[PDB]
Amino acid sequence: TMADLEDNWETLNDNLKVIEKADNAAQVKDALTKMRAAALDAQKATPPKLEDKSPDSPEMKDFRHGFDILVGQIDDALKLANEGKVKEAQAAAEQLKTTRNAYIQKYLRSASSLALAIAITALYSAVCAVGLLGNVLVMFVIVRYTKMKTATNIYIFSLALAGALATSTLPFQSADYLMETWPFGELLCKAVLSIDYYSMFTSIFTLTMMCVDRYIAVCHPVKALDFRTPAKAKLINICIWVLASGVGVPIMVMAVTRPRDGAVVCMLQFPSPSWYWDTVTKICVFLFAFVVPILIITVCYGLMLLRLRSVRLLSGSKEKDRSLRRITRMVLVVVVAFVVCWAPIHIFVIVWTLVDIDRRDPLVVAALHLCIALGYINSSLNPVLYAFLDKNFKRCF
Amino acid sequence: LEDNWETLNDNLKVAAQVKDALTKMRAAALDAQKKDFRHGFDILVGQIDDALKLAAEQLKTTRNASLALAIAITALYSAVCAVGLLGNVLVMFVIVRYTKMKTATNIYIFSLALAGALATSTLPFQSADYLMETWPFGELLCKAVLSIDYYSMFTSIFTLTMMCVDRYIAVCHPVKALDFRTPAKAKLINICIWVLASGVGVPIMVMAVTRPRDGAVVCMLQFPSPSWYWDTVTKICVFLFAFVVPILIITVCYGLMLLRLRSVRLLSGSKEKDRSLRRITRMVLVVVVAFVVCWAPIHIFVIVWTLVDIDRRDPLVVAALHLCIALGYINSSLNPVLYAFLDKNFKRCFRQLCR
Ligand SMILES: CCN(CC)C(=O)c1ccc([C@H](c2cccc(O)c2)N2C[C@@H](C)N(Cc3ccccc3)C[C@@H]2C)cc1
Ligand SMILES: CCN(CC)C(=O)c1ccc([C@H](c2cccc(O)c2)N2C[C@@H](C)N(Cc3ccccc3)C[C@@H]2C)cc1
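What counts, and at which threshold
- Residues numbered from 1 in each chain as written, not as in the entry; some residues may be left out.
- Chains lettered and ligands numbered in written order.
- Heavy atoms only, no water.
- Residues with missing side-chain atoms left out of burial classes, pairs and counts.
- Helix = DSSP H or I, 4+ residues; strand = E, 2+ residues; numbered from the N terminus.
- Rg over C-alpha atoms; globule rule 2.2 N^0.38 Å.
- Contact = heavy atoms within 4.5 Å.
- Nonpolar A, V, L, I, M, F, W, Y, C, P; charged D, E, K, R; others polar.
- Domains from an automatic or database assignment.
- Near = heavy atom within 4 Å.
- Areas by Shrake-Rupley, 256 points an atom, 1.4 Å probe, with all protein chains shown as cover.
- Disulfide = S-S within 2.5 Å.
- Buried < 20%, exposed > 50% of the residue type's maximum accessible area, 1.4 Å probe, protein only.
- Arc of directions from axis to C-beta.
- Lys, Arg positive; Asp, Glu negative; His and termini not counted.
- Salt bridge = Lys/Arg side-chain N within 4 Å of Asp/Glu carboxyl O.
- Core = buried A, V, L, I, M, F, W, Y, C linked by side-chain atoms within 4.5 Å.

- The deposited coordinates for this entry were obtained by X-ray crystallography, with a reported resolution of 3.3000 Å.

Rendered as structure tokens:
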């Protein structure tokens, strides 16, 4: 793979400065031995530049020739380290730094992915500050000003609570992207992994229920006068936050910090066979937190347009039918926004599971982190936008 | 009214049908006006009356004569704040904990990063003022924010300009640079930059005031009588001394460095330490092009605002202004030298093969 070639090319150049940092033959011999093996494995590989040229093409033959010169010089540098002379062995490494440039550098050029790390940090920070602060502000004015006397004010509070918890994880996973390791420990690993998943389910299901509530509001207004009670709305939202703890507790149970290649990882320890229960969870979060919520909201929309076509067919009120047609166009906004924000990451987790895509590629990292953010955007912007566009809410500002 | 504005635009897309829509639109406009806002509906009803006698286009333009935008601006300023503020603090920390400022350039980068971090530390207050349109933080925090904004503008620009002068002496006069580019000498220059710019800091902090303007609270500069004069003076000064002068110095440095590079390419001959100086000369061009692209927009905008009476409420004007303000913040916080220092010290972490 390209990964192996990338890793070997790194060890070679890493063990090249270890010779400078070496003070005794013990360190000098160790670096040259690692460099030798790494060069021999790198000549077996294919450069990105020549990923289209014959294994017996002239460009391919020169690539491998450079490593033959390199190994040759390593062998000469090793004999001086074996003799116990660190002056000549350290000086032979100068001839090695020139050889990698003069023959192999032509085929193995690298670019600094600092520009991308900034763009990602920028996306996640803007999504965090807009989300987290926006939702806290929504929650505050639903408490201090427009006290939750209406059913909608309770659904928006629930949505904004779920949205604020969702974005409160971003600083930690934004840190993990930058340092590649999890420094916060198992207690904060269990706290972050659980809140992420739990706030995903509570945010989607109150959003879905909020669409059901507007369906009852539009289609059954005479019956809605009894269902859309703030006491009834409180029950539904409590059940949503109670129910989703069937995702919260299990994730919090298996969230663990484990060491991988010297670094620390915050992952999910699925029971044996992990790869099966991983797949189960994946097939479940796709059906429950995507497929089912879309069908419910789509059905609400379909019935809302159908039972507004019935009011239209009667040809009664021109003003009342147009007012309710606005609410039916916003449930379409909600479902199109939901799909455009959630399908990317749901597709990603499917293709990641099956297809082996190089997790290190800059285009793959830009696409993945843009998909992760899109999901955060849908749950942190849905309560903020509904609120600041709600007439009664706009007033208490 | 929200409902009236809806009915006005609803029938607007709708002779029996044409007369019916205009009659409903007329009544709706008359109820919505129930002033520059009340005058617009008088123009609208007038055109509806002309459309009733019979273009259904002269009405769509008149009604034109906000949440989505406020979010986009909040997003820009929050991303510019977190990238700037955290990025500069990280640069300052590395300079202390690792590189230890033994070199003259490291002292210049510390100065730049200190100025950059102060610049972005004002964004949360200026981002709040945009959202609520009023200044709630009071005069004490008005004087503190307005002064830091201007002071960190001058210290950031002059630190950056002097750094280009330092790189000119390094390249063009290497024999003389051996005695000038001393870390003790670099400390003096940067102390003088932060001492000198208090000639902008103190005066702004002196006239920064909170006063009730348009029913709300504003954080502005109370220029001495005649206000309009001293406003213009300050504007012609920050344009010249904080844009024209820093560009000319850096451009001249580049131009002269470019010549010394053409001398070295033939007199010195074949060398790796010669292509090394060509890197510094390409770096100063990056710095000046970045400086112009980031600063010309807001410098052009403050000129136009002074003369042309542009609609301060228009969404296109608000999008342009806040994008210009942010661009200036971007140059001082996410500077090309700060990008290069972080590319230098964190190379093995970000460098990866061109797959
Ligand atoms: C190895 C790379 N991958 C895989 C593509 C990931 O890093 C990755 C891991 C977990 C998620 C995870 C998720 C998404 C879709 C299906 C699924 O099985 C799991 N997400 C992690 C993160 C993107 N969450 C964001 C969120 C949005 C709204 C409310 C709460 C949380 C949502 C969710 C728990 C996404 C990406
Ligand atoms: C009424 C609308 N305007 C006018 C266009 C403004 O709000 C406005 C007010 C002050 C500024 C001010 C500035 C810019 C250019 C010429 C000038 O006379 C004043 N700026 C305010 C803000 C944009 N500053 C950002 C900054 C960047 C880098 C380092 C420190 C501060 C820089 C500067 C003090 C810019 C816009």
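**A closer look at the overall build of chain A**
Argument step 1. For chain A, the helix and strand inventory stands at 15 helices and 3 strands.
Argument step 2. For 397 residues, the compact-globule estimate of 2.2 N^0.38 gives 21 Å, and the C-alpha radius of gyration of chain A, at 29 Å, exceeds that figure by more than 25%.
Argument step 3. Considering only C-alpha atoms, chain A reaches an extent of 100 × 45 × 45 Å along its principal axes.
Argument step 4. Residue pairs in contact within chain A that sit at least 24 positions apart in sequence constitute 74% of those at least 6 positions apart.

**A closer look at the interface of chain A and chain B**
Argument step 1. Taken together, the contact between chain A and chain B spans 31 residues of the former and 21 residues of the latter.
Argument step 2. Broken down by secondary-structure element, the contributors of at least two residues to the side of chain A that touches chain B are α1 (2–17), β1 (110–112), α5 (114–141) and α14 (362–389) of chain A.
Argument step 3. Ranked by residues supplied to the side of chain A that touches chain B, first place goes to α5(A) with 10 residues.
Argument step 4. Across the side of chain A that touches chain B, the residue classes break down as 19 nonpolar, 5 polar and 7 charged.

**Observations regarding the domain arrangement of chain A**
Argument step 1. Domain annotation for chain A reports domain 1 (2–104) and domain 2 (121–395).
Argument step 2. The C-alpha-based centres of domain 1 of chain A and domain 2 of chain A are spaced at 51 Å.

**A few points about the site of ligand 1**
All names here are of chain A.
Argument step 1. Not every one of the 18 residues close to ligand 1 is listed here, only the nearest: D196, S199, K282, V285 and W342.
Argument step 2. Relative to its unbound accessible area of 760 Å², ligand 1 is 84% covered by the protein chains.
Argument step 3. Counting residues per element, the ones that place at least two in the shell around ligand 1 are α8 (185–219), α12 (274–314), α13 (318–354) and α14.
Argument step 4. Among the elements that take part in the shell around ligand 1, α13 stands out by supplying 6 residues, more than any other.
Argument step 5. Here the shell around ligand 1 is composed, by residue class, of 12 nonpolar, 4 polar and 2 charged.

**Side note on the state of the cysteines**
Argument step 1. Considering all chains together, one arrives at 2 disulfides over all chains under this definition.
Argument step 2. The side chain of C189(A) participates in a disulfide bridge whose partner is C266(A); the two sulfur atoms lie 2.0 Å from each other. The S-S bond linking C189(A) to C266(A) shows a torsion near 100°; that makes this disulfide right-handed. Of this pair, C189(A) sits in helix α8 while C266(A) sits in strand β3 (residues 263–268); the two residues are 77 residues apart in sequence, bridging distant segments of the chain. Each member of the pair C189(A) and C266(A) is classed as buried.
Argument step 3. Here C142(B) is linked by a disulfide to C219(B), with a sulfur-sulfur distance of 2.0 Å. As the torsion about the S-S bond is roughly 100°, the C142(B)-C219(B) disulfide counts as right-handed. Remark: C219(B) occurs in strand β2 (residues 216–221) and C142(B) occurs in helix α7 (residues 138–172); sequence separation between them is 77 residues.
Argument step 4. Since its relative accessible area comes to 0%, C142(B) is described here as buried.
Argument step 5. Assessed through its relative accessible area of 22%, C219(B) is described here as partly exposed.
Argument step 6. Here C192(B) stays unpaired: no disulfide links it, and the sulfur of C253(B), its closest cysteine neighbor, is 18 Å away.
Argument step 7. By relative accessible area, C192(B) is classed as partly exposed at 38%.

**Remarks on helix α7 (residues 170–179) of chain A**
Residues and elements named next belong to chain A.
Argument step 1. Three or more residues of α7 are buried, namely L170, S174, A175 and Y177. Seen along its axis, α7 keeps its buried residues to an arc of 160°; they face one direction.
Argument step 2. Residues of α7 that are buried make contact with α5, α6 (151–167) and α14.
Argument step 3. Following α7 by one or two positions, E180 adopts a phi angle in the positive range, close to 60°.

**Overview of helix α10 (residues 198–207) of chain B**
Residue and element names in this part refer to chain B.
Argument step 1. Among the residues of α10, those classed as buried are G201, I204 and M207. The arc enclosing the buried residues of α10, seen along the axis, measures out at 150°, which places them on a common side. Those residues of α10 that are exposed and angled more than 90 degrees off the buried face are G199 and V206.
Argument step 2. Those residues of α10 that are buried are in contact with α7, β1 (208–213) and β2.

**Quick notes on the site of ligand 2**
Residue and element names in this part refer to chain B.
Argument step 1. Around ligand 2 there are 17 residues in total, and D149, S152, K235, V238 and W295 lie nearest to it.
Argument step 2. Notes on ligand 2: free accessible area 760 Å², of which the protein chains cover 84%.
Argument step 3. Counting only elements with at least two residues in the shell around ligand 2, the list comes to α7, α11 (227–267), α12 (272–307) and α13 (315–333).
Argument step 4. Of the residues in the shell around ligand 2, the class split is 11 nonpolar, 4 polar and 2 charged.

**Let's talk about the side chain of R167(B)**
Argument step 1. One can find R167(B) in helix α7.
Argument step 2. Among buried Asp, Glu, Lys and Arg side chains, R167(B) stands out as unpaired, with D166(B) the closest opposite charge at 6.8 Å.

**Digging into the nonpolar core**
Argument step 1. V91(B), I109(B), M257(B), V287(B), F291(B) and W295(B) are the most contacted members of the largest nonpolar core, which totals 77 residues.
Argument step 2. The dominant element in this core, judged by the number of residues it contributes, is α7(B), at 11 residues.
Argument step 3. Non-local contacts of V91(B), meaning those with residues more than four positions away in its chain, are made with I109(B), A113(B), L338(B), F341(B) and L342(B).
Argument step 4. Listed in part, the 53 residues of the second largest apolar core include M200(A), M210(A), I240(A) and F290(A).

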